[PDB]
Structure formats: C-alpha cells, structure tokens
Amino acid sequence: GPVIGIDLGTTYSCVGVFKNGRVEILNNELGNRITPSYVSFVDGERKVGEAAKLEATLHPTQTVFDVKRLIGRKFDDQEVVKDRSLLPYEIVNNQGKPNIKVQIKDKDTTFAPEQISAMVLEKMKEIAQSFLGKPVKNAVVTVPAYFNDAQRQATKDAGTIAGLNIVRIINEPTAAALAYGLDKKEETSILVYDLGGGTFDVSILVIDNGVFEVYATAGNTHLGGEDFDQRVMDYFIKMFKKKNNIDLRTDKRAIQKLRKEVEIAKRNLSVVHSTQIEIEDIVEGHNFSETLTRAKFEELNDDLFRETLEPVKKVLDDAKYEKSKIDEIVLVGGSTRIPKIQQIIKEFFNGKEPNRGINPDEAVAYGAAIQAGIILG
C-alpha cells in the first residue's frame, strides 16, 4: 500500500505523498497546505482544522489545540502544570496523565491526547486518500528530537486510532535534513533552527555516511510567530485606546479580526518595509487603520528574536562544539522568513550564512514523505 508522510506540529499539521518520483504536499478542503491542529466540540458538531480554530473566539473551553504539549506526559510534570494554566479547555488528571474534558451535547466527555491527535491524523489520511484515490493504512510521522519513548509511543497510538500504522517515527531534524537533501556521505554537523507558530527548537544533527544522530537539542516551548503577533496586538491595542477611548480587549470578535490582520501584516513585512492594517468597523462605527513598519515590528520583538540564541548557545555547549564546528545552518518553520531572524543567526555564527528553503513551513512534512519513499524502495 502507500506510505504517506505527516508533520504533526504543535500548531499545525502537513501531509505529503511520494508519487511518480516527486513529493506532493497536499491541500486540505480549504486549499491550504498547512492545517491548524485544532478540534472543536460545539453544538453537537466536531470540526477539525481552520473551521475548529474559528470556534476558539466564542467557544474557548470547547476548542482543543496544542495537544502535542500534553501527549505522552504526566499531569504533574512541570511543563503540563504550566500548559494547564495557559490552555482554556479543561485538563483532568486521569491516573497520573493529562486528559482533555469538553462537552458534546452538554455531556462531559474526556479524551486522551492521542484521541485528539488521531482526529488530526484522520483528516491528513483522508486528504492523502482523496488525492491518491486509494486507502492509506501506513505513514511516517515526525516528532521532536527531545520526545521520549512514552511521547513517541503515544504518537504511534494516535496513528493506530486513526487507522494508520506508523511504520517509522523520524525526528524533526532528520526530516529537515532529508528535505534539503543534505549530503549523506562523509561527516557533516548541521544546526537545525526551527521557529514555528508556537515553539522554537534547535538541534545539532550529525550525518555520518548515511547515519543521522541528533547530538544535542534545546529550545523554548512558548516562543514562536504567535508571540510576535501578540507583541504587535499589544502595541496597537494601547494606541487605539489612546486615540479612540476604546479598549479592543473588551470585544473578543474585535481581537479575532485584529489578530488575523496582524499575522498578514507580519508576513508582508518579511518582503516590504511598510504595510497597512485595516479592519472596517472593528467595533460598530470605528474603523481600525494603522501602518506598521518593519523597524517597529523588529523593535516590538527584538528581545524575543534574541532569546532564540540562548538555546543555540546551549546546544553548542551540550555538544562541546565551537561555532566553527557547524558546517551548515538549516532554517525550518514559517517564522524563519523574518529577515531579522536570519540576520541574528548569521551574526551569531561570526558572519556565516544560514541555508533557508523557500517553503520552510512544509520542509518537515516534505522530509517525512522522502522517508516514506526511502522505506518503500
């Protein structure tokens, strides 16, 4: 049968297939190659992807996301304690493990993380099945290099619930290295810098005659593009209050519309220097109309950008590496498109240029699909 490749991210998933010697990253029903990893339990309907994410504004307790943060962990782990204080849906202690509690037609329903991750995997499986026009029973799925055996097994269990035999778990750094086609001959040390929507991961990956080994990993579990958007949100909320005596935080719908336009403005500012943020009637009778510059975008976030270097120094220290020991720098995650991120990494490495792709949000899924192709021969 076919074997598909799935990047099960914290904020998103992405599915690719290997067919007729090419990787195709597939579109969901809304025509997008990235699917938000959200599941909503509102009004007797279950939604997965963007349609669930849209429910978060008016139904925050019924809209599940970031389940990757919980999968395979214990309820009393320090990281899960923090996530429970951050996440708006109820997390319960089931025999020492975090479970998710929502209502379906007002009835309390509890799910293991792998049950919610399975719903995400089912949607990715259906995209592949529709594209390939045949059933899919096997996948390569990605995990973070820091995932332990329980976190990997819980991911495989998510696959089994979705009717996917996970034939190989590959770490996210290896997937990136397969996607960029890094030479497998001889010995190469690679710094894989992965800045996503919610999480930052850095790894030292060494490739030695076709054998991949992650020598060290570090990161920031609560640092990504969503935090850069919030810094911009915070600034324009203060400004709109100064100018109009309106606190936009008082209207959740107003915040949802602003966040959407701020994320587009931020993407624009990876290519241009000035962009307009515009919402007609952000509240009734009050337009939002502002200019954001790249300089102001960077000023609002430059502490968060520089914080990404602390895990870089940690992995170099863990591996007993000089900066010079790194042969190539590979950027993954959409947020590596920010010009200042690229500049900061270049300058830390005493002037050495990072390799970046052109679809860095899809590189991990792409490498998972390559791994599927490798396994089939």
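Note that residue numbering follows the sequence shown and begins at 1.
Relative to one another, 77 to 85 and 212 to 220 have unequal mean CA B-factors, and 77 to 85 is the one with the higher figure. As the entry records it, the average C-alpha temperature factor is higher for 157 to 165, out of 259 to 267 and 157 to 165. Taking only the listed residues 176, 140, 132, 233, the entry reports the highest CA temperature factor at 132.
Highest C-alpha temperature factor among 338, 48, 309, 56, as the PDB entry reports it: 309. Per-chain ranking of the deposited C-alpha B factor places residue 52 in the lowest third. The entry lists a Cα temperature factor for residue 370 that places it in the lowest third of the chain's modelled residues. Ranked by C-alpha B-factor against the other modelled residues of its chain, residue 6 falls in the lowest third. Residue 247: CA B factor in the lowest third of modelled residues in this chain (values from the PDB entry).
Among all modelled residues in this chain, the alpha-carbon of residue 299 has a temperature factor (C-alpha) in the lowest third.
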